[PDB]
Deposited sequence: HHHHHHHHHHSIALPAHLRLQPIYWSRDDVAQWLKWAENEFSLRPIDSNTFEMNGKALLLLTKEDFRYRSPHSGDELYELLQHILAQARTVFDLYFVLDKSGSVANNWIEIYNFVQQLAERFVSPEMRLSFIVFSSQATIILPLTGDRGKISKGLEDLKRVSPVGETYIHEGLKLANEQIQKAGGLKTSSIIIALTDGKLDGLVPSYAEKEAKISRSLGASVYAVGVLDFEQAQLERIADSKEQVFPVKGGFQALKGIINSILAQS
């Protein structure tokens, strides 16, 4: 096992350009390597993972081979397996904004591609349905995104039913013995006692150890979403575009 600094324990695909430079500095001291110019790998972690070992050797004649192998060992290190459950409003009210919801999910799916990530897509209006059962298969995730794009919104906003399906999957996955995240996308416009249903189901989610995020669409009800999510800090606007980097970092910081 490699004992990395705490702030470098994230999977390297998430490393910034500054993280790469910090990794080099750490490796130099840890392995008594010859000094590494700080811009020897001027790129982020996604880019670093595309280089070949030959590329490492050319960039660092004195240490490139060791650095490449160190990266391979780091990639092999055990990390927190995250299950991400997207619970998506497809009620009639979002008929003209289904595109925002789909593309938001697509952008997060394209980010969370490290092998330890598994994704599930749930939609809800009057009833909830699993479009994509929890999986890490990037192929199945591609098809689930194809299916999501085709959804025709209609019906009520029974978000408690969508959360219920996420919780049922979580329970089957191990409950407290998992690292589960729920990402609910909705305007938060809940009728009748649905606010009570939804808040009860979300506390079940947390009872199972999951962390709940709410992503607001349209003129969304900020207060209602704060009561469903773990905290105000886990409510994000889909219109934030920065909002994507915010929720990604928040999720990665749960590990």
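Counting from residue 1 of the deposited sequence, the stretches lacking C-alpha coordinates in this chain are 1-10, 252.
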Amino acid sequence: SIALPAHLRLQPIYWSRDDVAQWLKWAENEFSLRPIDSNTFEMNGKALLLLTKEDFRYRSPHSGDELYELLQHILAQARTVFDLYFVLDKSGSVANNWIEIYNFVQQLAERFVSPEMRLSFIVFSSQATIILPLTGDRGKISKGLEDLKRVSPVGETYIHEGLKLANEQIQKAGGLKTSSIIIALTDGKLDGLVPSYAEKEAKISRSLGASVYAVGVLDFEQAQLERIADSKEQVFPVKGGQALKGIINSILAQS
From here on, numbers count along this sequence of modelled residues.
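In this crystal structure, the stretch out of 24-32 and 214-222 whose C-alpha atoms carry the higher mean B factor is 214-222. Per the PDB record, of the two stretches 149-157 and 171-179, 171-179 carries the greater mean B-factor over its C-alpha atoms.
The residue among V113, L71, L163, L84 whose C-alpha atom has the highest B-factor in the PDB entry is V113. When the C-alpha B factors of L88, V105, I99, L75 are read from the deposited coordinates, the top value falls at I99. In this PDB entry, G209 carries a Cα temperature factor that places it within the highest third of its chain's modelled residues.
When the CA B factors of the chain's modelled residues are split into thirds, the value for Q234 lands in the middle one.
Remark: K203 belongs to the middle third of its chain, ranked by C-alpha B-factor as recorded. Ranked by Cα temperature factor within the chain, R57 sits in the lowest third according to the deposited record. Among the modelled residues of its chain, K189 has a C-alpha B-factor that falls in the middle third according to the deposited record.
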